[PDB]
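Participant: Below you will find the structure I want to go over with you.
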Amino acid sequence: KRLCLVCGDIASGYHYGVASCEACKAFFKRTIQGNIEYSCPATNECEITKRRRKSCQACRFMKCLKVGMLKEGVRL
Amino acid sequence: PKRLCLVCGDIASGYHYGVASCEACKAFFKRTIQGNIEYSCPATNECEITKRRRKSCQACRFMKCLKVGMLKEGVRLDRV
DNA sequence: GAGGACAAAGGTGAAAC
DNA sequence: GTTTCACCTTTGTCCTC
Ligand SMILES: [Zn+2]
Ligand SMILES: [Zn+2]
Ligand SMILES: [Zn+2]
Ligand SMILES: [Zn+2]
Ligand SMILES: [Zn+2]
């Protein structure tokens with residue numbers, strides 16, 4: 001089953017160049033559209049899992065970038 | 001269509017934790033579960049819960065939330 | 001596979017307690 | 001010092017395009 005490369009939830013298909021779920025798709029889209037900056041309250045190593053993806057916006061967004069979600073896939 | 005809070009009789013803003021409820025009972029239930037807060041009734045666990053008296057007993061207000069069907073599991077452990 | 005509508009989650013802080 | 005609640009923001013679903 002296609003897994004979301006960000007969080008391990010079931011992927012709905014490719015989004016912004018990468019196998020991802022609707023939740024991570026929507027989160028990445030909002031983050032880019034608003035130029036929203038987050039910062040980790042731990043040390044930028046928060047676990048991102050389907051059951052625990054909302055614990056840190058900063059680490060979730062960094063994981064999106066890491067797995068190859070593309071800023072320019074989001075329309076201005 | 002106008003809907004009433006099943007807990008206290010205030011105007012409901014929507015469904016919260018599975019039940020028609022106002023913003024106050026939603027917030028109260030959310031705080032209670034997030035903190036695993038235990039309350040105790042000073043009377044005999046039959047305090048009336050109304051718009052005018054929802055503040056008088058945390059214990060009875062929380063038990064009423066459970067009674068009308070508010071769901072502990074609708075409160076996410078996944079948060080900041 | 002892009003974005004948007006939107007219910008129902010979540011967070012907040014002045015005022016109430 | 002802690003708790004309440006009106007008014008916010010964010011999340012994730014499901015839909016048109
Ligand atoms: Zn399989
Ligand atoms: Zn995901
Ligand atoms: Zn973090
Ligand atoms: Zn209520
Ligand atoms: Zn009581």
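Chain labels A, B, ... are given in the sequence in which chains occur in the structure tokens; within each chain residues are numbered consecutively from 1, and ligands are likewise numbered from 1 in the order shown.
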Define the interface residues of chain A facing chain B as those within 8 Å, counting only C-alpha atoms, and report them as a short mmCIF file (atom, residue, chain, number, x, y, z; two decimals) with N, CA and C atoms, in the first residue's frame.

Facilitator:
data_model
loop_
_atom_site.label_atom_id
_atom_site.label_comp_id
_atom_site.auth_asym_id
_atom_site.auth_seq_id
_atom_site.Cartn_x
_atom_site.Cartn_y
_atom_site.Cartn_z
N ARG A 51 -0.07 8.49 13.85
CA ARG A 51 -0.71 8.63 15.18
C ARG A 51 -0.16 9.86 15.93
N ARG A 52 1.03 10.35 15.56
CA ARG A 52 1.76 11.51 16.18
C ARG A 52 2.40 12.43 15.11
N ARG A 53 1.61 13.02 14.21
CA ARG A 53 2.15 13.96 13.18
C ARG A 53 1.98 15.43 13.60
N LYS A 54 1.15 15.73 14.61
CA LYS A 54 0.81 17.15 14.99
C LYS A 54 1.66 17.61 16.17
N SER A 55 2.60 16.80 16.66
CA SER A 55 3.38 17.15 17.88
C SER A 55 4.35 18.32 17.60
N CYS A 56 4.79 18.50 16.35
CA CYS A 56 5.72 19.57 15.93
C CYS A 56 5.51 19.87 14.44
#

Participant: Which chain B residues have any atom within 12 Å of an atom of ligand 5, and for each, what is the nearest pair of atoms with distance in Å to one decimal, counting only C-alpha atoms and all ligand atoms, rows sorted by chain and number, as a tab-separated table?

Facilitator:
residue	atom	partner	partner_atom_place_in_ligand_line	distance
B:39	CA	ligand 5	1 (Zn)	9.2
B:40	CA	ligand 5	1 (Zn)	7.2
B:41	CA	ligand 5	1 (Zn)	3.9
B:42	CA	ligand 5	1 (Zn)	6.0
B:43	CA	ligand 5	1 (Zn)	5.4
B:44	CA	ligand 5	1 (Zn)	6.3
B:45	CA	ligand 5	1 (Zn)	4.5
B:46	CA	ligand 5	1 (Zn)	5.7
B:47	CA	ligand 5	1 (Zn)	4.3
B:48	CA	ligand 5	1 (Zn)	7.8
B:49	CA	ligand 5	1 (Zn)	9.0
B:53	CA	ligand 5	1 (Zn)	10.8
B:54	CA	ligand 5	1 (Zn)	10.1
B:55	CA	ligand 5	1 (Zn)	10.2
B:56	CA	ligand 5	1 (Zn)	7.5
B:57	CA	ligand 5	1 (Zn)	4.6
B:58	CA	ligand 5	1 (Zn)	7.0
B:59	CA	ligand 5	1 (Zn)	5.5
B:60	CA	ligand 5	1 (Zn)	4.5
B:61	CA	ligand 5	1 (Zn)	7.6
B:62	CA	ligand 5	1 (Zn)	9.5
B:63	CA	ligand 5	1 (Zn)	9.2
B:64	CA	ligand 5	1 (Zn)	10.2

Participant: Give me, as JSON, numbers by chain, the residues of chain C touching chain A, with the criterion being at most 10 Å (counting only C-alpha atoms (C1' of nucleotides)).

Facilitator: {"C": [1, 2, 3]}

Participant: May I have the residues within 12 Å of ligand 4, computed using only C-alpha atoms (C1' of nucleotides) and all ligand atoms, as a short mmCIF file (atom, residue, chain, number, x, y, z; two decimals) with N, CA, C and O atoms (P, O5', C5', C4', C3', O3' and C1' of nucleotides), in the first residue's frame?

Facilitator:
data_model
loop_
_atom_site.label_atom_id
_atom_site.label_comp_id
_atom_site.auth_asym_id
_atom_site.auth_seq_id
_atom_site.Cartn_x
_atom_site.Cartn_y
_atom_site.Cartn_z
N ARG B 3 -29.95 24.69 17.64
CA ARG B 3 -29.76 23.43 18.36
C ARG B 3 -29.27 23.78 19.76
O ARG B 3 -28.64 24.83 19.89
N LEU B 4 -29.66 23.02 20.77
CA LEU B 4 -29.28 23.32 22.18
C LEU B 4 -28.15 22.40 22.61
O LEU B 4 -28.10 21.26 22.16
N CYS B 5 -27.27 22.89 23.48
CA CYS B 5 -26.19 22.09 24.11
C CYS B 5 -26.85 20.99 24.96
O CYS B 5 -27.65 21.30 25.85
N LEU B 6 -26.54 19.73 24.70
CA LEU B 6 -27.18 18.61 25.44
C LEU B 6 -26.72 18.64 26.90
O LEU B 6 -27.38 18.04 27.75
N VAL B 7 -25.64 19.34 27.21
CA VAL B 7 -25.05 19.32 28.58
C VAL B 7 -25.74 20.38 29.45
O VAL B 7 -26.19 20.02 30.58
N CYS B 8 -25.86 21.61 28.92
CA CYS B 8 -26.18 22.77 29.78
C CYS B 8 -27.36 23.61 29.29
O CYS B 8 -27.77 24.45 30.06
N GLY B 9 -27.87 23.44 28.06
CA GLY B 9 -29.04 24.19 27.56
C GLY B 9 -28.67 25.50 26.88
O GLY B 9 -29.59 26.16 26.35
N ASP B 10 -27.39 25.89 26.85
CA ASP B 10 -26.93 27.07 26.05
C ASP B 10 -27.17 26.73 24.55
O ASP B 10 -27.44 25.56 24.22
N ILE B 11 -27.09 27.72 23.66
CA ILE B 11 -27.11 27.50 22.18
C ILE B 11 -25.87 26.67 21.82
O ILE B 11 -24.75 27.07 22.21
N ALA B 12 -26.05 25.56 21.10
CA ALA B 12 -24.94 24.77 20.54
C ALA B 12 -24.32 25.50 19.33
O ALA B 12 -25.05 26.02 18.52
N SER B 13 -22.99 25.49 19.22
CA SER B 13 -22.21 26.03 18.06
C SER B 13 -22.06 24.93 16.99
O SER B 13 -21.70 25.26 15.86
N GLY B 14 -22.28 23.66 17.32
CA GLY B 14 -22.02 22.54 16.42
C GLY B 14 -21.97 21.23 17.18
O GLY B 14 -22.30 21.20 18.36
N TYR B 15 -21.58 20.15 16.52
CA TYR B 15 -21.21 18.88 17.18
C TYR B 15 -19.77 19.00 17.67
O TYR B 15 -18.89 19.51 16.94
N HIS B 16 -19.55 18.61 18.93
CA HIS B 16 -18.22 18.55 19.56
C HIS B 16 -18.10 17.21 20.30
O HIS B 16 -18.99 16.92 21.14
N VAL B 19 -21.40 15.22 19.90
CA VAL B 19 -22.65 15.69 20.57
C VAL B 19 -22.86 17.18 20.31
O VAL B 19 -21.90 17.97 20.31
N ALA B 20 -24.12 17.58 20.12
CA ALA B 20 -24.53 18.99 20.04
C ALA B 20 -24.15 19.65 21.37
O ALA B 20 -24.58 19.17 22.44
N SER B 21 -23.29 20.66 21.31
CA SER B 21 -22.80 21.34 22.53
C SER B 21 -22.36 22.74 22.21
O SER B 21 -22.11 23.04 21.06
N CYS B 22 -22.32 23.56 23.24
CA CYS B 22 -21.87 24.96 23.14
C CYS B 22 -20.34 24.95 23.21
O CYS B 22 -19.73 23.92 23.54
N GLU B 23 -19.78 26.10 22.97
CA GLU B 23 -18.33 26.37 23.04
C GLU B 23 -17.80 26.14 24.46
O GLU B 23 -16.70 25.56 24.59
N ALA B 24 -18.56 26.52 25.49
CA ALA B 24 -18.16 26.39 26.90
C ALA B 24 -18.01 24.90 27.27
O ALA B 24 -16.97 24.53 27.82
N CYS B 25 -19.01 24.09 27.00
CA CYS B 25 -18.96 22.64 27.36
C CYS B 25 -17.89 21.92 26.51
O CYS B 25 -17.13 21.12 27.05
N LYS B 26 -17.74 22.30 25.24
CA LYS B 26 -16.65 21.81 24.36
C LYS B 26 -15.31 22.11 25.04
O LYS B 26 -14.55 21.18 25.27
N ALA B 27 -15.04 23.37 25.37
CA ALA B 27 -13.76 23.79 26.00
C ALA B 27 -13.56 23.07 27.33
O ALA B 27 -12.44 22.67 27.64
N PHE B 28 -14.59 22.97 28.14
CA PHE B 28 -14.52 22.32 29.45
C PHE B 28 -14.13 20.84 29.30
O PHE B 28 -13.29 20.34 30.05
N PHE B 29 -14.76 20.15 28.37
CA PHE B 29 -14.53 18.70 28.14
C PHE B 29 -13.10 18.53 27.66
O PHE B 29 -12.39 17.64 28.19
N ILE B 49 -27.17 21.00 35.90
CA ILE B 49 -26.26 21.68 34.93
C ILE B 49 -27.11 22.48 33.94
O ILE B 49 -27.74 21.87 33.07
N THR B 50 -27.08 23.81 34.06
CA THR B 50 -27.81 24.79 33.20
C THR B 50 -26.83 25.88 32.75
O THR B 50 -25.72 25.95 33.32
N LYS B 51 -27.21 26.70 31.77
CA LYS B 51 -26.42 27.86 31.31
C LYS B 51 -26.00 28.70 32.53
O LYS B 51 -24.81 29.10 32.59
N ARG B 52 -26.92 28.90 33.48
CA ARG B 52 -26.77 29.79 34.66
C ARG B 52 -25.93 29.10 35.74
O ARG B 52 -25.39 29.82 36.58
N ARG B 53 -25.80 27.77 35.75
CA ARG B 53 -25.16 27.07 36.89
C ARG B 53 -24.09 26.06 36.45
O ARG B 53 -23.66 25.30 37.30
N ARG B 54 -23.62 26.08 35.20
CA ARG B 54 -22.66 25.05 34.68
C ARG B 54 -21.33 25.09 35.48
O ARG B 54 -20.68 24.00 35.63
N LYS B 55 -21.01 26.24 36.07
CA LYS B 55 -19.73 26.49 36.78
C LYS B 55 -19.78 25.92 38.19
O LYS B 55 -18.72 25.70 38.73
N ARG B 61 -20.83 18.39 35.94
CA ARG B 61 -20.78 18.86 34.55
C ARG B 61 -20.04 17.80 33.74
O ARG B 61 -20.53 17.43 32.71
N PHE B 62 -18.91 17.30 34.21
CA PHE B 62 -18.14 16.29 33.44
C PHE B 62 -18.96 15.01 33.28
O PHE B 62 -19.00 14.43 32.16
N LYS B 64 -22.13 14.75 33.25
CA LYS B 64 -23.22 15.03 32.28
C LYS B 64 -22.67 14.92 30.84
O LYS B 64 -23.29 14.19 30.03
N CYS B 65 -21.53 15.56 30.53
CA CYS B 65 -20.81 15.39 29.23
C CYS B 65 -20.76 13.89 28.86
O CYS B 65 -21.18 13.50 27.78
N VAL B 68 -24.43 12.37 28.06
CA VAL B 68 -25.11 12.81 26.81
C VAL B 68 -24.33 12.25 25.60
O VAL B 68 -24.89 12.26 24.49
N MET B 70 -20.55 12.50 25.05
CA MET B 70 -19.30 13.16 24.61
C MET B 70 -18.20 12.12 24.74
O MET B 70 -18.19 11.45 25.76
P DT D 4 -13.55 25.29 34.61
"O5'" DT D 4 -14.04 26.64 33.90
"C5'" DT D 4 -14.82 27.61 34.61
"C4'" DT D 4 -15.14 28.79 33.72
"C3'" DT D 4 -15.83 28.43 32.40
"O3'" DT D 4 -17.10 29.08 32.33
"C1'" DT D 4 -13.96 29.89 32.03
P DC D 5 -18.18 28.59 31.27
"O5'" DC D 5 -17.83 29.47 29.99
"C5'" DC D 5 -18.03 30.89 29.99
"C4'" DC D 5 -17.46 31.49 28.73
"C3'" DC D 5 -17.97 30.89 27.41
"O3'" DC D 5 -18.11 31.90 26.41
"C1'" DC D 5 -15.65 30.86 27.43
#

Participant: Using only C-alpha atoms (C1' of nucleotides) and all ligand atoms, which residues have at least one atom no more than 12 Å from ligand 1? Output them as a PyMOL selection string.

Facilitator: chain A and resi 1-3+10

Participant: Step by step, measure atom-to-atom distances between ligand 2 and each residue using only C-alpha atoms (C1' of nucleotides) and all ligand atoms, keep those at most 8 Å, then write them as a list in words.

Facilitator: residues 4, 5, 6, 7, 8, 9, 10, 11, 20, 21, 22, 23, 24, 25, 49, 50 and 53 of chain A

Participant: Next, dump the selected residues to file, keeping only N, CA and C atoms, as an mmCIF file, in the first residue's frame.

Facilitator:
data_model
loop_
_atom_site.group_PDB
_atom_site.id
_atom_site.type_symbol
_atom_site.label_atom_id
_atom_site.label_comp_id
_atom_site.auth_asym_id
_atom_site.auth_seq_id
_atom_site.Cartn_x
_atom_site.Cartn_y
_atom_site.Cartn_z
ATOM 1 N N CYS A 4 2.497 7.229 2.954
ATOM 2 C CA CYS A 4 2.937 8.651 2.988
ATOM 3 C C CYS A 4 4.401 8.675 3.432
ATOM 4 N N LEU A 5 5.289 9.257 2.634
ATOM 5 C CA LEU A 5 6.741 9.271 2.957
ATOM 6 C C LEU A 5 6.951 10.157 4.198
ATOM 7 N N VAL A 6 5.984 11.022 4.522
ATOM 8 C CA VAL A 6 6.149 11.988 5.641
ATOM 9 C C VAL A 6 5.764 11.319 6.965
ATOM 10 N N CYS A 7 4.612 10.652 7.013
ATOM 11 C CA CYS A 7 3.974 10.294 8.301
ATOM 12 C C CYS A 7 3.583 8.818 8.421
ATOM 13 N N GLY A 8 3.602 7.999 7.359
ATOM 14 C CA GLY A 8 3.273 6.551 7.436
ATOM 15 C C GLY A 8 1.782 6.245 7.266
ATOM 16 N N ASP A 9 0.920 7.260 7.176
ATOM 17 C CA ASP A 9 -0.525 7.084 6.867
ATOM 18 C C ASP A 9 -0.626 6.578 5.419
ATOM 19 N N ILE A 10 -1.813 6.129 5.018
ATOM 20 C CA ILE A 10 -2.053 5.633 3.632
ATOM 21 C C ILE A 10 -1.935 6.830 2.692
ATOM 22 N N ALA A 11 -1.094 6.742 1.664
ATOM 23 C CA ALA A 11 -0.972 7.776 0.617
ATOM 24 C C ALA A 11 -2.190 7.726 -0.318
ATOM 25 N N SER A 20 2.190 10.716 -0.683
ATOM 26 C CA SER A 20 1.764 11.366 0.584
ATOM 27 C C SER A 20 0.268 11.235 0.801
ATOM 28 N N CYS A 21 -0.139 11.386 2.054
ATOM 29 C CA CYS A 21 -1.576 11.340 2.426
ATOM 30 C C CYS A 21 -2.180 12.725 2.190
ATOM 31 N N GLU A 22 -3.500 12.808 2.278
ATOM 32 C CA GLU A 22 -4.273 14.075 2.132
ATOM 33 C C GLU A 22 -3.869 15.067 3.242
ATOM 34 N N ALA A 23 -3.636 14.592 4.473
ATOM 35 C CA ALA A 23 -3.299 15.458 5.637
ATOM 36 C C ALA A 23 -1.959 16.160 5.377
ATOM 37 N N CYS A 24 -0.924 15.390 5.018
ATOM 38 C CA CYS A 24 0.415 15.983 4.779
ATOM 39 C C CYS A 24 0.361 16.918 3.554
ATOM 40 N N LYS A 25 -0.378 16.532 2.514
ATOM 41 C CA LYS A 25 -0.628 17.360 1.306
ATOM 42 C C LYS A 25 -1.165 18.715 1.771
ATOM 43 N N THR A 49 4.768 10.391 12.756
ATOM 44 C CA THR A 49 4.055 9.083 12.596
ATOM 45 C C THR A 49 2.565 9.390 12.439
ATOM 46 N N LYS A 50 1.779 8.464 11.891
ATOM 47 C CA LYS A 50 0.382 8.790 11.477
ATOM 48 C C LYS A 50 -0.381 9.171 12.750
ATOM 49 N N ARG A 53 1.608 13.016 14.205
ATOM 50 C CA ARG A 53 2.151 13.961 13.176
ATOM 51 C C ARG A 53 1.976 15.435 13.603
#

Participant: With only C-alpha atoms (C1' of nucleotides) as the basis for distance, which of A:58, A:34, A:27, A:42 is at the shortest distance from residue 11 of chain D?

Facilitator: A:27

Participant: Within 9 Å of ligand 3, counting only C-alpha atoms (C1' of nucleotides) and all ligand atoms, which protein or nucleic acid residues do you find, written as number ranges by chain?

Facilitator: A: 38-47, 55-60, 62

Participant: Can you spit out the residues from that selection as a tab-separated table (two decimals), in the first residue's frame, using N, CA, C and O atoms?

Facilitator:
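Heads up, here's the output in selection10.tsv:
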chain	number	residue	atom	x	y	z
A	38	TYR	N	7.79	27.80	11.29
A	38	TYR	CA	7.65	27.07	12.57
A	38	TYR	C	9.05	26.96	13.14
A	38	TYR	O	10.03	27.05	12.36
A	39	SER	N	9.18	26.77	14.45
A	39	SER	CA	10.47	26.33	15.05
A	39	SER	C	10.20	25.27	16.11
A	39	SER	O	9.23	25.38	16.88
A	40	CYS	N	11.03	24.23	16.07
A	40	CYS	CA	10.95	23.07	16.96
A	40	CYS	C	11.28	23.51	18.39
A	40	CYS	O	12.27	24.20	18.60
A	41	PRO	N	10.44	23.15	19.38
A	41	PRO	CA	10.77	23.32	20.79
A	41	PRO	C	11.73	22.27	21.37
A	41	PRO	O	12.30	22.56	22.40
A	42	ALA	N	11.91	21.12	20.71
A	42	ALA	CA	12.95	20.11	21.07
A	42	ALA	C	14.26	20.44	20.34
A	42	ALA	O	14.66	21.61	20.40
A	43	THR	N	14.89	19.48	19.64
A	43	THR	CA	16.16	19.70	18.89
A	43	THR	C	16.03	19.19	17.46
A	43	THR	O	16.91	18.43	17.01
A	44	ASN	N	14.93	19.55	16.79
A	44	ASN	CA	14.66	19.32	15.34
A	44	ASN	C	14.70	17.81	15.00
A	44	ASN	O	15.01	17.49	13.83
A	45	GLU	N	14.37	16.93	15.95
A	45	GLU	CA	14.39	15.46	15.71
A	45	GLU	C	13.07	14.81	16.16
A	45	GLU	O	13.11	13.64	16.54
A	46	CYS	N	11.95	15.54	16.12
A	46	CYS	CA	10.62	15.00	16.48
A	46	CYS	C	10.25	13.87	15.49
A	46	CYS	O	10.42	14.04	14.27
A	47	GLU	N	9.80	12.72	16.02
A	47	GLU	CA	9.24	11.58	15.24
A	47	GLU	C	7.94	12.02	14.56
A	47	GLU	O	7.08	12.59	15.26
A	55	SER	N	2.60	16.80	16.66
A	55	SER	CA	3.38	17.15	17.88
A	55	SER	C	4.35	18.32	17.60
A	55	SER	O	4.69	19.06	18.57
A	56	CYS	N	4.79	18.50	16.35
A	56	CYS	CA	5.72	19.57	15.93
A	56	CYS	C	5.51	19.87	14.44
A	56	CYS	O	5.86	19.04	13.57
A	57	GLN	N	4.97	21.06	14.19
A	57	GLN	CA	4.80	21.62	12.83
A	57	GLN	C	6.17	21.76	12.17
A	57	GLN	O	6.25	21.51	10.96
A	58	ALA	N	7.20	22.14	12.93
A	58	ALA	CA	8.55	22.46	12.41
A	58	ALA	C	9.11	21.18	11.79
A	58	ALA	O	9.49	21.20	10.62
A	59	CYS	N	9.09	20.09	12.56
A	59	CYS	CA	9.68	18.79	12.15
A	59	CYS	C	8.81	18.18	11.04
A	59	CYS	O	9.37	17.60	10.09
A	60	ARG	N	7.49	18.31	11.12
A	60	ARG	CA	6.62	17.79	10.05
A	60	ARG	C	6.99	18.49	8.74
A	60	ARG	O	7.17	17.81	7.74
A	62	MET	N	9.84	20.10	7.89
A	62	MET	CA	11.22	19.66	7.53
A	62	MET	C	11.15	18.27	6.91
A	62	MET	O	11.86	18.03	5.92

Participant: Give me every strand (DSSP E or B) residue in chain B, going by DSSP on the backbone, as number ranges by chain.

Facilitator: B: 4, 11, 14-16, 19-21
